[PDB]
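Close look at the chain arrangement
As a plain string of letters, each chain reads:
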Amino acid sequence: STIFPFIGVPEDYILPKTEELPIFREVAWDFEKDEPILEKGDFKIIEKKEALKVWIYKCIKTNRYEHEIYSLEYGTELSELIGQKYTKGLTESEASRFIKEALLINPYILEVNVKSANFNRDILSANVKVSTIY
Amino acid sequence: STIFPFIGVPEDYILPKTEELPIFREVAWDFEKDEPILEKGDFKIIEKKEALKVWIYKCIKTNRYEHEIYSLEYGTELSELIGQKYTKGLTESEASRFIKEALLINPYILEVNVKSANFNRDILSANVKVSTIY
Amino acid sequence: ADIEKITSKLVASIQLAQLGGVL
Amino acid sequence: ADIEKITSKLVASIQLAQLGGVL
Amino acid sequence: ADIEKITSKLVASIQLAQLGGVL
Amino acid sequence: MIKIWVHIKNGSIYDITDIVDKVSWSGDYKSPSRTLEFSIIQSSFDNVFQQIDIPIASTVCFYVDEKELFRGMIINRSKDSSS
Amino acid sequence: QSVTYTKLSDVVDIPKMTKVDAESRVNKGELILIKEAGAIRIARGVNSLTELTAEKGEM
Amino acid sequence: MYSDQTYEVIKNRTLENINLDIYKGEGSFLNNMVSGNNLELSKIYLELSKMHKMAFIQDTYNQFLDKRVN
Amino acid sequence: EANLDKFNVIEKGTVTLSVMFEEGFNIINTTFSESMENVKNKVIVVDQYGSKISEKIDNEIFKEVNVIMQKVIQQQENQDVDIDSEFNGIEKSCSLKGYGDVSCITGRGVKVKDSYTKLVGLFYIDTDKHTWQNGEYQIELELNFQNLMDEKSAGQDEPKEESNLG
Amino acid sequence: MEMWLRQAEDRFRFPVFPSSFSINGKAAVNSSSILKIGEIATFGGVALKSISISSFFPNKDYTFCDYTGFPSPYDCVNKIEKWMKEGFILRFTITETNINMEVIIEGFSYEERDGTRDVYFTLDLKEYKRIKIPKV
Amino acid sequence: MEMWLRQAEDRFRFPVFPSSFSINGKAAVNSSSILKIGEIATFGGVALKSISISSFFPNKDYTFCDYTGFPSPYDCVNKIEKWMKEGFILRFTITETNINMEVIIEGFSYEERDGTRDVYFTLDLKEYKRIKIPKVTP
Amino acid sequence: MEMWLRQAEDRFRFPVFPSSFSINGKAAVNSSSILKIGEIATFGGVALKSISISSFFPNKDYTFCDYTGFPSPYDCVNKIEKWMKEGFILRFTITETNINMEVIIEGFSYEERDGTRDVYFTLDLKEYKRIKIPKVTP
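Rules used throughout
- Residues numbered from 1 in each chain as written, not as in the entry; some residues may be left out.
- Chains lettered and ligands numbered in written order.
- Part of a larger assembly, values for the part shown.
- Heavy atoms only, no water.
- Axes fitted to C-alpha atoms, helices over the stretch in contact; angles between N-to-C directions.
- Helix = DSSP H or I, 4+ residues; strand = E, 2+ residues; numbered from the N terminus.
- Parallel < 35°, antiparallel > 145°, perpendicular 65-115°, else oblique.
- Left-handed = near helix turned anticlockwise from the far one by under 90°.
- Contact = heavy atoms within 4.5 Å.
- Nonpolar A, V, L, I, M, F, W, Y, C, P; charged D, E, K, R; others polar.
- Salt bridge = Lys/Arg side-chain N within 4 Å of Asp/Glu carboxyl O.
- Polar contact = N/O pair within 3.5 Å; in protein donor to acceptor, adjacent residues only side chain to side chain.
- Pairing = 2+ DSSP bridges.
- Buried < 20%, exposed > 50% of the residue type's maximum accessible area, 1.4 Å probe, protein only.
- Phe/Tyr/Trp six-rings, centres within 6.5 Å; stacked < 30°, edge-to-face > 60°.
- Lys NZ or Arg CZ within 6 Å of the ring centre and 35° of its normal.
- Core = buried A, V, L, I, M, F, W, Y, C linked by side-chain atoms within 4.5 Å.

Per the deposited record, cryo-EM is how this structure was determined, to a resolution of 2.9 Å.

As structure tokens, then:
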């Protein structure tokens, strides 16, 4: 009977209550052998920071623009630094930036710091601190 | 309910009263035994400065967030200084600020000054001067 | 907001002139 | 030219008020 | 006095426009 | 020498020349009435600068060189808290 | 610093004891845990020595 | 009503109903005595609210539902 | 009032806000005014023909303003007008800017405290405006004065209870 | 004397105490002119205090340092820059004086100007007052 | 000479007399013009005076101090800051001169700049005037 | 340390490191007032940083030069001028510090002032920020 003078239908104007992010859960992973972990004949699900460890490991391990399935923001660019394409200081600064920007897309991660950086032989070492909501 | 006193009050109009606090009265308390005092088989009531002394003693002796019955304003944070958690100068500043902010919620107390402060062995001494309306 | 203040002043002036009478 | 800008703003405000309805 | 000058300019403009003819 | 006097409803008469801040007197040929505008200094923050109140519709008289030029009714009254 | 009034976030609860009990225990030269100011902490940082001579003062 | 009845409101009402000459404010002897039981009354009000939802058959949980259907 | 998709007809001032404006707490500036321009204190009734039948003067308004400002209303055959509604008195207003919540909107009553006399007055909101910019939020209201709030209770409404419940 | 900037339990103590410090305070005065008597003035309210600090963050353990164990220069820079970015309300205190108040950071500048890798800085702070909304 | 700041019966005397003091006074002159004559001027009333003071509050008894028994530097700072905050009306006087008037505080700044723990300050004062209130004629 | 300006893969390294560098940062504080209380303030967001650089472009190989192989002074001038004219977004980095961000050029001035044919310059850079674009809800 009565007209609806707005675009759409009354159903589209119901807003679900905004709540905290649901608890982060992920399939367990074995870093030494690079395999998912089975428990009692099924996949094993871990919670909170362990799942975050799995996600961070997987994110760091991939290259940024190599795969079609991923968007342009997923992955890291650490492969461009191999072979000393830049000076040592430029490589250090770029590595810090790459790690920070790659990791920060996850809404469960609040801040990232790359603190220690040392060149010994052909190896580059660094320390990374990640702060989450947990 | 007719006059409009915001620009000015009419000449004939008489102000109803001047706003003042009643005489501060409190049940008497003894400090060496921590009890209320009974007089002729009933509680003894004192007034003005002695009542203010009782109130001040009670306010200093309580902790701030410990009890659910009280609000967030009542109490004192002096228990956070025990054990030299801060340096000595920071301890002096914090003690002065804590005492002033705790005492100034009583409307009958006008100004608080923490003048002297000395460190001798494990004892901190100070002089507090309270100014009231009386 | 300048237009609002100017309009307020103009309205007040017009109302005063209306009370005073205009030929 | 200030008078022209003031008049333009006043006209726009009056038109919006007319669309909204004035008692 | 700004309102008076603005009103004077507006009145002069309106009188000129009336002389010129407005559709 | 300009003097301003105000008559209040009860019967009191005040000379407010020492309080006036600004005066304006004007008229036009297309209206039958002349107008007078003036301001006084009055502070609510400071107790010293509190003055008398002049209610709406009280008579005000304007003198220049011991000659009366204006007599009229008060119509508007306004108070700004900042000034 | 000193260890007095250091609070332990790990501990959940402890057996109840009255104030006079805690004071008498401290006077005997014992290191105890108490509940005070809405937390669980140690009472005072004293060692086992109780009898004092001219050579060994209260310090 | 039941939701409105809270520790602050009932405490204010109790202090207004009591008639002494002493001072009634935070840190008073009378205020200290009055508080402590009003908090428990505020706690009791919630169970009093809940009992009606316990009783009926539309929302009875598991064991009360079993009793009422039996 | 059109609230969302619903249309309402409400009477002004029924809802009174909890927040009160005080000089030392949440007021940026105020401007109080009083005016006499729209005063009416005489009513003249004319018949359908234009001939006058009756007149009336209000003494309370006439006490404030010595002059008489007349109004003319006409009654038809099937209407009998009430004179006492046509009188109009002195208008007192306020222009306020300060801090508040999103509850202060047109059609509600608000309370403003007088600094010198510590008296509270009731006002009706006629115009409002809320702005958010650069991380700050301010309100501007146009208020119309109703009356002075009575100290304690005017009629002193007491809860009527029996001495003994049972 | 010591200088501290603290955000709740997170505290920072400056490693090198500055050469001087000054507090600025002002009050507002409203002026009017009355005919034939001249200018008059009335009190209008007090303004917020301000304080500015200049020093450097050392890159090595100097003899004149306040204590031992402070972080690196750019760690201090990053911590203070984050505090300024989020608009936190901080507590600033100088011991053995009457300076103990809540502030907000207005400016932060840092530079390097020699061969020692020390970082000189300037920090501008402004007093913070919370507004009280009455209720009934 | 001596320098005093007094609020009712609450009197304060400066421990160290400054190196110099100066009074600033002005008069308002209105400017107009007349065609073919140029600029003209009229008198527009006198303005309020002002004075600025610079000294320090000693942290110890010096040989050049005006008197003994003065309070600590930060007690003096606290007193003057409270007076400035509340907007009190004060009386300012310098003995053996013509400076004796009511003032109001406009600015107060203090600092430390050496190893002696002395507090240096600058104080800005403005003259205060009262207007008579009209009286109803008999 | 080293100083670099890079536009995509087009990288430029300054032959002579300047005598000093400084970062300027500010936050916006809104000012208001309340009757009978005085001035109050609120937080209004952070502002963009800025840095200014002063050095010269050598016309010969010096012992204090950072590296060998750099272009002629007016080649460097032409490159930077083209970048400033087109309004490119660049990346500015000083190694061994925390300075690594995207910038846009605000001013560029150069001069000659002796017999060595070296070109002295001053470069003003301003930080650049991007806003996220909203996404339609699924």
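Next comes the rest of the description.
Some remarks on the packing of helix α1 (residues 7-17) of chain H against helix α3 (residues 38-55) of chain H
All names here are of chain H. Closest axis-to-axis distance for the α1/α3 pair is 9 Å, and the angle between their directions is 130°. On the basis of their axis angle, the class for α1 and α3 is oblique. Read as a crossing pair, α1 and α3 show a hand that is right-handed. Across the interface between the two elements, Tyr7, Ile10, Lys11 and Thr14 of α1 pack against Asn38, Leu39, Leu41 and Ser42 of α3. Looking at the contact of α1 with α3, its residues break down into four nonpolar, three polar and one charged.

Structural notes on the interface of chain K and chain J
Contact with chain K, which involves 28 residues of that partner, is made by 22 residues of chain J. In this structure, the connection of chain K to chain J is made through two salt bridges. Between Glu96(J) and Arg117(K) there is a salt bridge whose closest N-O contact spans 3.7 Å. Across the chain K-chain J interface, the total number found is ten residue pairs in polar contact. Mapped onto the side of chain K that touches chain J, the elements with two or more residues apiece are β5 (38-46), α1 (73-86), β8 (99-112) and β9 (119-127) of chain K. In terms of residues, the side of chain K that touches chain J owes the most to one element, β8(K), which gives nine residues. Among the residues forming the side of chain K that touches chain J, the class breakdown is twelve nonpolar, five polar and eleven charged.

Observations regarding the arrangement of the chains
The top pair by number of contacts, from a total of 22 pairs of chains in contact, is chains J and K. Left apart from each other, chain D and chain K have a closest C-alpha approach of 27 Å. Chain K makes no contact with chain L; the smallest distance between any of their C-alpha atoms is 10 Å.

Comments concerning the sheet that holds strand β7 (residues 70-74) of chain I
Residue and element names in this part refer to chain I. Strand order in the open sheet made by the three strands is β6-β5-β7, with mixed pairing throughout. The sheet terminates laterally at β6 (52-57) and β7, the two strands that pair on one side only. Each strand axis lies, on average, 20° off the axis of its neighbour in the sheet, ignoring direction.

Describing unusual backbone geometry
Unlike most non-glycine residues, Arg121(A) shows phi in positive territory, near 55°. Overall, the relative accessible area of 69% leaves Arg121(A) in the exposed class. In this structure, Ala8(J) is a non-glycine residue whose phi angle is positive, near 55°. Of note, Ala8(J) is situated in the loop between β1 (3-7) and β2 (10-13).

Digging into the packing of aromatic side chains
Taken as a whole, this structure holds 58 aromatic pairs over all chains when the rule is applied. Each ring, one from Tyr62(K) and one from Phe64(K), has its centre 4.6 Å from the other, and the planes form 15°; the classification is stacked. Three or more aromatic residues joined by ring pairs form one cluster here, namely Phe12(J), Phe14(J), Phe57(J), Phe108(J), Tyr110(J) and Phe121(J). Lying across the ring of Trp29(B), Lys58(B) places its NZ or CZ 3.8 Å from the centre.

Concerning the pattern of salt bridges
In total, this model carries 53 salt bridges over all chains according to the counting rule given. Residue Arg91(J) is joined to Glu102(J) by a salt bridge in which the shortest nitrogen-to-oxygen separation is 3.8 Å. Highlighted residues: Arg91(J) in strand β6 (residues 90-94) and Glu102(J) in strand β7 (residues 100-112), separated in sequence by eleven residues. Overall, the relative accessible area of 14% leaves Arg91(J) in the buried class. Given a relative accessible area of 23%, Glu102(J) falls into the partly exposed group. A salt bridge links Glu102(K) to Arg130(K), with the nearest nitrogen and oxygen atoms 3.2 Å apart. Separated by 28 residues along the polypeptide, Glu102(K) in strand β8 and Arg130(K) in the segment after β9 bring together distant segments of the chain. Taking relative accessible area as the criterion, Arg130(K) reaches 48% and is therefore assigned partly exposed. A single network of salt bridges, built from pairs that share partners, joins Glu94(A), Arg97(A), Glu101(A) and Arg6(L).

Digging into the nonpolar core
In terms of nonpolar packing, the biggest core is built from 84 residues, with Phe92(J), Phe92(K) and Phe92(L) touching the most fellow members. Ranked by residues supplied to this core, first place goes to β8(K) with seven residues. Aside from chain neighbours lying at most four places away, what touches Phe92(L) is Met3(L), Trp4(L), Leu5(L), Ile51(L), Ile53(L), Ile99(L), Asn100(L), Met101(L), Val103(L) and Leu125(L). In this structure, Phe32(I), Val110(I), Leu141(I) and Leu35(L) belong to the second largest nonpolar core, which totals 24 residues.

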